[PDB]
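Trainee:
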Amino acid sequence: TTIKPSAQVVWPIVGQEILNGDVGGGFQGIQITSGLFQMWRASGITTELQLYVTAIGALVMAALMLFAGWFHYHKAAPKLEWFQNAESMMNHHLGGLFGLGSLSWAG
Amino acid sequence: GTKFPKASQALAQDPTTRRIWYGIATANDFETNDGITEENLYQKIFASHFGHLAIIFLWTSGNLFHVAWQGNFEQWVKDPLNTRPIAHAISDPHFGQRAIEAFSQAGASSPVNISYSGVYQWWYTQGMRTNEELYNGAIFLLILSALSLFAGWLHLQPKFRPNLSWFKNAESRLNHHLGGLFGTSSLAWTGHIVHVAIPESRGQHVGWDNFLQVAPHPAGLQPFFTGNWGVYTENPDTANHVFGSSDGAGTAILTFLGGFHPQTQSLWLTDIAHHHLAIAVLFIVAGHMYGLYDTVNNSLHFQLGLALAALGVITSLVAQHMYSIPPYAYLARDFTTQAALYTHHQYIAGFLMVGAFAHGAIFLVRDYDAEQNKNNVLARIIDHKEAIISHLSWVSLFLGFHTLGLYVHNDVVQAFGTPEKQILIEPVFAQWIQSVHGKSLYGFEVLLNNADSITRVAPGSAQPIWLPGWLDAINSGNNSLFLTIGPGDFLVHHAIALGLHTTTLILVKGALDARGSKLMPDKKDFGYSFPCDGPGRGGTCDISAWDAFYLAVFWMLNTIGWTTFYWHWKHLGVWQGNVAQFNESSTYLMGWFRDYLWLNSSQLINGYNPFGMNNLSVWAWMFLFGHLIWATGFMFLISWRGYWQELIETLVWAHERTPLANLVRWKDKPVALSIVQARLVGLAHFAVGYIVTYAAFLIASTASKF
Amino acid sequence: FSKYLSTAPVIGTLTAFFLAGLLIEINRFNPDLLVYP
Amino acid sequence: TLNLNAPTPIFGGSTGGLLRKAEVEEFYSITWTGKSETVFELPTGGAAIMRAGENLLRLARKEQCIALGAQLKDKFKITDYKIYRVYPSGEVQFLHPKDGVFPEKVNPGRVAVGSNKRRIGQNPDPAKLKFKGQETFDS
Amino acid sequence: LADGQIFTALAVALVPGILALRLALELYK
Amino acid sequence: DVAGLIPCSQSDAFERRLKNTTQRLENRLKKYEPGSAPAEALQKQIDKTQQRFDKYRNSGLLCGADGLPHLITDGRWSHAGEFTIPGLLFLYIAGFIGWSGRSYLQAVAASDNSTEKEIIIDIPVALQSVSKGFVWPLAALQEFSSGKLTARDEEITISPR
Amino acid sequence: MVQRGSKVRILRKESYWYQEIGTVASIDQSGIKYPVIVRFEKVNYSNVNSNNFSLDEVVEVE
Amino acid sequence: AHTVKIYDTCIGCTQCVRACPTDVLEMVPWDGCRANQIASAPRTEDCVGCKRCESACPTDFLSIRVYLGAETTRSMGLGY
Amino acid sequence: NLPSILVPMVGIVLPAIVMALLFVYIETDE
Ligand code: CLA
Ligand code: CLA
Ligand code: CLA
Ligand code: CLA
Ligand SMILES: CC1=C(/C=C/C(C)=C/C=C/C(C)=C\C=C\C=C(C)\C=C\C=C(C)\C=C\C2=C(C)CCCC2(C)C)C(C)(C)CCC1
Ligand code: SF4
């Protein structure tokens, strides 16, 4: 309640280190309005070690998506009829992406 | 098909709504009428001028009549310091009971408007004291308008129609206007001041009923012919003198005191009299004196553009000299009308100057004959036209990048808690001039600040007697005669400079490219105003000379805005005796946003609210009114014809297919506004809104705190 | 790829990254330079 | 001639077509032979079906008849479209092709209307033609 | 002012009122 | 004292710009722990103001009524560091950027495909131009005297008149 | 007399390449007006590099 | 209606003629050579003023020029 | 008193007359 949600410490240069304001506790930074502190508290995160691996886990997921984009155009590109399968794509995103995504997040 | 418009048969055959709009626009454009010969053209101009003159006469008769009938001139004359001048009565049936109690101000029993035109302070100085002298002015101007209206009709009758040669007889006109119109009128105005203005300022009433009996000077008109002119510089008025009475009054009628009367904080009437007498002599002598100059004489647009430029320059001059050198009694004391008078005349001046270049561009497309114009100043400016435009482009860019850059620099540095890091340049060249004129504040100590300098001593004839009166006023911190300036004034002056150069650039490039450019080599064949030349050749929107004026109207408003924004905020501190607010906040733009616009809009924005309403509800409504019509102009400027023409087609369809409405029909087919029309309509809304918004704020913000 | 680095946006960004970071390091060791002493 | 009446295509629609201007002055008609039963976009909305025909369509502007006539030559390669403009409440029969040959092709017997025997830089100044009945572009 | 001076001024203003109509219908022709 | 401006070492208002600045930060330091990381962040911030003001007193700047340093551009040699000395410092760097890109485009235009060499930057030709840009006040003088700095107005493309 | 491949400068004031240097593509060997086809390195607003001129609008800068 | 003039710099490319949406222009035999063709404007009463013709002309500065004039039902492109 | 009579004449009645006079003048024809 009292301590305001803050990130983004600003470097000690020409005077923009006045943006690192008295935000709460023993910290000086920019008070953020993104809701990430209330979102991570709802997710259960209590230490910054759990925030650290999620940042590493997002970078390997970024490289996995970047590898999948290279692979599915340069190396193994689907045909036109694989894209026009709308009924299988509706089946899979409803069950897998939306169903198991809300099943496992409930887990 | 139809008779309207009479002036243009091709518009008259247009079956759409465009006909009416264009028939209104192409109406006072006499040159483009059907069958209009050169001789017929000039006679129409002349007569139109009489009509305009009459309107001017009727207008100032209406200001006299309404003041005499519904003002408080007689009450004001008694105590100019505390009486609020009344413009006219308020008769708006939509008012309620509490709103009538709010506008029943200035000690009146009816709702009325507090005047801000300064007419009370102008009429007072001339010698008017009672309402009956005001009414006598209104009836006289009614006759002069009727004399103007009859004359216009008269000089249109066969036996009295001036010949073509008479209108183009240039040398005769300069002699008669400088001699008569300027000279003898100025001489006559000297007559009014010594015989009426000066007597009424000394408590003696002089009117038509007695002026032939009383003398303006104890033993006047024998020294005038015998050369003893110095007797009229006898005992002036003392510093103790109270304007409008005989206590401390002198008898001089022509003097050279200089400075301002200590009570009214304005020029001495006797000093104004000598000025006009001298000016009269100059014009009467100059009036006995009377290729490029022939092309001035055959083009009405060239003359008008120069006459607009000449009027535009001196319109700015009137504004600059009236705030620093107050010429009307108690006009320096009423701060709101001094704010109104500077802003009003500066905006007019901006329109005239922009208009001057507009009619100049019209001359180049419709009147400039390039074969009959070779190897002279005109055809040489077109010859290196790209050099002139490119340099004008550079100065604008130069001025702009750096003035905005310093403001952005200061803003950041002030935002970060370090005001000491700002870049503040002292206006040393300007502060030098003030010391050259006598301001002993900066201590530069050369010319009229140096007490032994030749300009103050003048050992040739011992002339320099204007110096005592002038130096007292320029050194006392009680007026606006060469106001103290600092870093804030430096930046704005370059912003104003940026505005004057960029506005001139748009107008100069438009005029010099009016006849043609690479994107449109035959531009002159399409006239001053045409939509464009289609999407070909890359795109040609806003390629006509008219469109260049159109873009320049945005820059002048911005320029005159920065001028008026500066004048108002600076004087605001000066009038409150707390000059520190402007001096420290004007060097960064957040100061102009927090301490000028937001701060001074506190009362204005509260003219009416959920708890009541005060005497500023009108200005508060107008303020919102201005914002809405400003923003309405953006609609025509951003959205173009095509969207609307297709939308209108669905409305035509809908009307024709709906019973009980189908039954009736339009006589003119509905169509979207034209390409040129929309620019004009958008700009007109924008600029009416621009001025109406600032007028509401300027008047209400200053009248609230004084 | 070195041919790609000579193309105008990427060669116009890293020198804009260099000319910025020059002024970032200059204002870091030498702060508050209004005038030449 | 116009061969009115001819079978209008099987359409049934278009709010956006042929309103009160048509009954007072100057509506237009385009007549072609469609050698199939295909669907084609209209200038108003899009479908009708082209008849075997003798096909005929009444349109509002001459613009829409060439914009439809460009579609029959592009998509369906039937270049025998014949636009018209009607009798008493209209003006002039047989608008296109006026010489029987398409206007992009040269045909002997046509006359040069609207020609100028100069360039545009050789056009005189508007000040030279001030207060006169002559035009700056006309020869 | 007086009440009779007002109606005197509206009596004078017909002379510009007619002469403007006489000029404007002459400027139209 | 050129416009009524006392120097900043003698300005009593410039000293009070120091007094409220360090009072706004020592009150900002009163709530933190003395050994913490925001403690040394404000103490390094306070000492940046002390190196700000003590630089501005000894530099010979002119403080007005508000207490801020003002710059005097009429250029005098007692106040040359405000505008005159950084003015010559700007023009060399700005002329180096100008004469490099002008000489680069002249070298590029006399080639096969000059248009692609505005997209791709030839690092030999660009480094050849920055060698010609360091000597721009000497190179432009002989380019102007020999007459190949400018073209005549019959060689430039020009609108119809 | 201007041959093909020669460098000219254009005297036509309404052209985009007025007072600019171009090279001739070809000369038409008949009595057609404006036979001199000059090809330019600069494109105009219609992005075309060629135009027809007469002999009076070209010179022999070489 | 609008006026459409054709200047003597025409190279008979037919591009303008094939750009016009209302069939205002056509190619006609030239007598200066009896070999080439020049553009013409025999139906200017149907010209809407779109300027598609000029945008198709290849010559450096137009051989066909459209000067917008008096507007009519046909020229305003009204279906009503 | 005369304000109460005149400002609905030139505010309501007289603009209704001149708009009536200008509208018939526009849509007349020969
Ligand atoms: C344009 C880019 C953009 C950006 C930068 C943001 C930024 C943010 N979003 Mg928002 N979001 C966006 C677009 C964007 N949003 C759009 C278009 C939608 C509608 C689909 C959302 C829906 C959304 C929700 C529901 C939530 C956020 C939240 C947030 C904040 C936390 C970041 C986070 O990782 O939460 C991670 C996201 C969650 C924890 C919630 C995800 C639950 C949703 C329902 C999953 C839906 C996924 C599915 C594929 C999309 C629907 C497809 C369907 C139409 C077929 C952050 C401010 C969160 C917040 O408010 O923080 C306090 C939050 O709860 N966003
Ligand atoms: C419901 C909105 C509304 C309306 C209809 C009015 C109406 C009026 N107010 Mg206003 N007023 C209003 C709201 C309104 N008020 C509000 C909210 C306030 C703030 C509380 C005021 C404060 C106020 C003040 C202080 C005064 C008025 C006055 C007036 C009267 C002006 C009489 C006049 O000369 O008109 C004639 C109108 C004009 C001369 C301007 C119109 C110019 C036109 C539109 C420009 C275009 C001309 C062009 C050629 C068009 C052709 C016209 C042709 C066909 C005739 C009129 C009755 C004044 C008054 O009492 O006068 C006796 C006055 O002094 N009002
Ligand atoms: C005394 C000086 C003077 C004279 C004699 C003229 C005369 C002329 N000008 Mg010029 N001009 C002038 C000054 C002058 N102007 C100024 C000061 C400017 C800058 C604004 C211009 C800029 C200019 C341009 C760009 C053009 C002219 C044109 C013309 C010609 C036709 C005007 C016409 O019929 O428009 C018709 C009149 C109107 C459409 C007036 C309606 C617009 C007004 C401003 C609306 C006002 C808004 C509203 C009523 C406000 C109400 C208040 C609100 C709160 C409700 C005519 C020769 C035109 C021309 O082609 O010349 C050959 C032309 O294109 N003038
Ligand atoms: C500038 C001229 C002007 C004047 C003098 C007025 C005056 C009036 N308006 Mg306003 N009004 C105006 C312009 C004007 N309006 C404009 C431009 C708008 C658009 C913004 C409005 C929008 C507006 C609305 C929405 C309303 C008014 C109302 C009123 C009346 C309030 C007091 C009242 O009801 O008395 C009590 C007296 C009566 C109710 C009867 C008075 C006489 C009536 C109007 C006519 C009687 C018929 C008569 C025999 C013949 C008709 C006259 C006609 C042919 C000229 C007052 C008479 C209110 C009203 O009552 O409307 C009628 C009202 O609701 N006005
Ligand atoms: C000193 C001073 C000052 C003054 C200033 C002045 C007054 C100046 C002027 C100036 C001027 C009046 C100038 C002129 C010029 C002109 C010209 C004519 C120029 C030209 C140029 C050129 C030609 C360029 C070139 C180049 C180079 C060199 C390099 C780069 C590139 C380029 C190309 C850009 C002041 C007060 C501010 C301050 C103090 C100091
Ligand atoms: S319609 Fe608009 S976009 Fe098209 S040429 Fe005219 S101004 Fe330009």
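Chains as they are written, first to last, in the entry's author numbering: chain A, 109 to 215; chain B, 2 to 291, 321 to 736; chain J, 3 to 39; chain D, 78 to 216; chain M, 2 to 30; chain F, 26 to 186; chain E, 1 to 62; chain C, 2 to 81; chain I, 4 to 33.
Here a beta-carbon is modelled for each residue, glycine too, at the ideal position from N, C-alpha and C.
1) Less than 7 Å separating the Cβ of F381(B) from some heavy atom of ligand 3?
2) Does the distance from the C-beta atom of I273(B) to that of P357(B) stay below 8 Å?
3) Would you mind working out which of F115(F), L50(F), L30(F) and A28(F) sits nearest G447(B), comparing C-alpha positions?
4) Which residue spans inside the stretch 359-426 of chain B form an unbroken alpha helix (DSSP H) run of at least 4?
5) Could you compute how far the alpha carbon of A661(B) sits from the alpha carbon of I455(B)?
6) Using only the heavy atoms of ligand 6, determine whether one of them is closer than 7 Å to the beta carbon of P22(C).
7) Is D30(B) close to ligand 3? I mean its beta-carbon at under 7 Å from any heavy atom of the ligand.
8) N132(B) touches chain M at which residues, Cβ-Cβ below 7 Å?
9) For ligand 1, is there a heavy atom less than 7 Å away from the beta-carbon of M147(A)?
10) If you run the structure through DSSP and keep just helix, strand and coil, what is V29(C)?
11) Determine which residues share a DSSP beta bridge with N4(I) and list them.
12) Please find out if some non-hydrogen atom of ligand 5 comes closer than 7 Å to the beta-carbon of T109(F).
13) Among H277(B), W696(B), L182(B) and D502(B), whose alpha-carbon lies nearest the alpha-carbon of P263(B)?
14) Can the beta-carbon of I65(C) be found closer than 8 Å to that of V5(C)?
15) Just to confirm the assignment: which complete alpha helix (DSSP H) runs, minimum length 4, are found wholly within the stretch 6-65 of chain C?
16) Does any heavy atom of ligand 2 sit closer than 7 Å to the C-beta of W60(B)?
17) Let me know the secondary structure DSSP gives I183(F) once reduced to three states.
18) Check distances from the C-beta atoms of the stretch 121-153 of chain A to those of chain J and list, in chain order, the residues that come in under 9 Å.
19) Residues of the stretch 8-21 of chain M with a CB closer than 7 Å to any CB of chain B: list them in chain order, please.
20) So, is the C-beta of residue 63(E) closer than 8 Å to a C-beta in chain C?
21) Where does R42(F) sit, in a helix, a strand or coil, going by DSSP?
22) Would you mind sorting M28(C) into buried or exposed? The rule is 16 or more other CB atoms within 10 Å of its CB.
23) Within the 8 Å Cβ cut-off, does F214(D) reach chain C?
24) DSSP three-state call for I659(B): helix, strand or coil?
25) Quick one: Cα of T185(B) to Cα of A650(B), how far?
26) Can you tell me whether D519(B) is buried or exposed? The criterion is at least 16 other CB atoms within 10 Å of its CB, across all chains shown.
27) Is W496(B) closer than 8 Å to residue 313(B) when the C-beta atoms are compared?
28) Taking 8 Å as the CB-CB limit, is residue 96(C) close to chain B?
29) Short check: CB of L728(B) to CB of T373(B), under 8 Å?
30) Quick check: the stretch 419-428 of chain B against the stretch 7-24 of chain M, are at least 3 beta-carbon pairs closer than 8 Å?
31) Given a limit of 7 Å on CB to CB distance, which residues of the stretch 103-125 of chain F reach chain J?
32) Counting contacts by CB-CB distance shorter than 8 Å, is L79(D) in contact with chain C?
33) In terms of residues, what are the limits of the alpha helix (DSSP H) holding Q141(D)?
34) Hey, would you say the C-beta of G642(B) is under 7 Å away from at least one heavy atom of ligand 3?
35) Return yes when the C-beta of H685(B) is under 7 Å from any heavy atom of ligand 7, and no when it is not.
Mentor: A quick look at the data gives this:
1) yes
2) yes
3) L50(F)
4) 365-396 and 407-411
5) 37 Å
6) no
7) yes
8) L2
9) yes
10) strand
11) Its beta-bridge partners do not exist; DSSP assigns none.
12) yes
13) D502(B)
14) yes
15) 53-57
16) no
17) coil
18) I121 and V122
19) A10, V13, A14, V16, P17, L20 and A21
20) Because chain E in this structure spans residues 1 to 62, residue 63(E) falls outside the shown range and cannot be described.
21) helix
22) buried
23) yes
24) helix
25) 47 Å
26) buried
27) Shown without residue 313(B), the model has chain B running from 291 straight on to 321.
28) Here chain C covers residues 2 to 81 and nothing more, so residue 96(C) does not appear.
29) yes
30) no
31) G106, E107, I110 and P111
32) no
33) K139 to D151
34) no
35) You won't find ligand 7 in this model; what it holds is ligand 1, ligand 2, ligand 3, ligand 4, ligand 5 and ligand 6.
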